[PDB]
Every structure is written in structure tokens, then in C-alpha cells.
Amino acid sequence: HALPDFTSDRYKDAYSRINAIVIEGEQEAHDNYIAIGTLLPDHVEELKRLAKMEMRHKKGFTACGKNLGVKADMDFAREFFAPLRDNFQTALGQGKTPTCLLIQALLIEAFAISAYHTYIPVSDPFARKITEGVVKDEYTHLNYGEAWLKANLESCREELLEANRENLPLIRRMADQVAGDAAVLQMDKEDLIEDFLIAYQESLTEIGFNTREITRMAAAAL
């Protein structure tokens, strides 16, 4: 806390959707951290700094698409995120800070970390430097969210178990929907799943969940 042919129509086609998802994910991260600031007004300056970070990342990932001569399929990306975006919006409107934090700071960050770690060894030299820069910049020891959830665990255990039950399957469906395009990019779905589960288990351990609790939570993916 072998390399694909980056110039082929097959590669560019799959990249148009993967690149769009990463770009949209970064925009949504910016919007979510600002929204979280309305729930945690004393966290506004840290959340503004984290939102500026994600926008820097959005620009770097936009340049990855441009460098390969690929037009990002933004409509596909907006639809890909719509279920999780809807649940974040519902929790936000209800003032459900633990749900908002689990979605953004835990699920989405672990999803991003796994994607970046899996992509790095199979990426083009331009995108590799951008992605490595993004991982060597997803940072505090604990996120605004480990740290707030670690500090507030006793008041929000049941909501966290509910948020996980509702949102972890959405993350699994997202991984299923993009597995084909990820394989075109020479990424193995099993590596993505393994890295996500490890990153998510690490965050849950840090927050104060025990092994049995984590096992039951990870099982909600099915």
C-alpha cells in the first residue's frame, strides 16, 4: 500500500474501446472525488488534488490513443461505466459516503491497478512510459477512502457488505465485457482477475476486515 502489432487494424479497433474506457474512468474518478467532497467537506483540498491527478492521467491516456492514430470510442466507454456510475449516483444522493468510497476508492482503484499492471509488459513504448508514470506517481500510504473506512469501520460494516454485494458483480461483468479486446492487447483475463482480487483483498485487510469476512466478500462476485 509476444508484443502485439500496434499498427494493425485489429489492434487499433480493440484499442479504440480499451483506451476510451481508461479515459472515461479517469473523468469519472475526477467527478467522483469532487462529489465525495460534498459528503466530506473537510476533505475538499485533498480530493481536489486527487481530482487534478486523475485529469493529468486522462490527458496522458488521451495521448496514448492519439500516438497510435486511434479515435477513442467514448459512447462505448460511457455505457460500459453506466451501471457503476448509476449506483455511485444513487449512493451520493442518499449521502452514503461508505458506498461512494467503496466504489471509487476501493473497487475502481483495484480494477485500474490490475489493468495497468497487466497492460504495462504488452504496451507500446509511448503508452508504457505514460502507464508506468501513472503507477509511479492509483500516492498516500492510505487513500482518502483505506483511511476513512479504516477509521469509520464500526459505524459502516453493514453498508460496506451491502455495497460490495451490489457492486463487486458489476466489476466482474465489466472484466467479462472487455476480456475480448484485452486479449487482442495481449492481456490475459486470469492475470487481470488475480491482480484485482489481490489489490481488493489488500485494501479490505487494511480497512480492518478479517480473512473469513474477505472470503465472503470476494465470493459475492458470483
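Numbering starts at 1 and runs along the sequence shown.
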**Report entry** residue 2 preceded by how many uncoordinated deposited residues after residue 1
**Finding:** 10 or more
Query - Segment of higher mean CA temperature factor, 62-70 or 22-30 - result: 62-70
Query raised in the report: Out of 114-122 and 148-156, which one has CA B-factors that are higher on average in the deposited record?
Result: 148-156
Report task. Determine, from the deposited record, the chain-internal third of the Cα B-factor for residue 138: lowest, middle or highest. Result -> middle
**Report entry** CA B-factor placement of residue 15, once the chain's modelled residues are sorted into thirds
**Finding:** lowest
Query raised in the report: Ranked by Cα temperature factor within the chain, is residue 194 in the lowest third, the middle third or the highest third?
Result: lowest
Query - Record-listed C-alpha B factor of residue 46: chain third - result: lowest
Query raised in the report: Of the three thirds of its chain by CA temperature factor, lowest, middle or highest, which one includes residue 53?
Result: highest
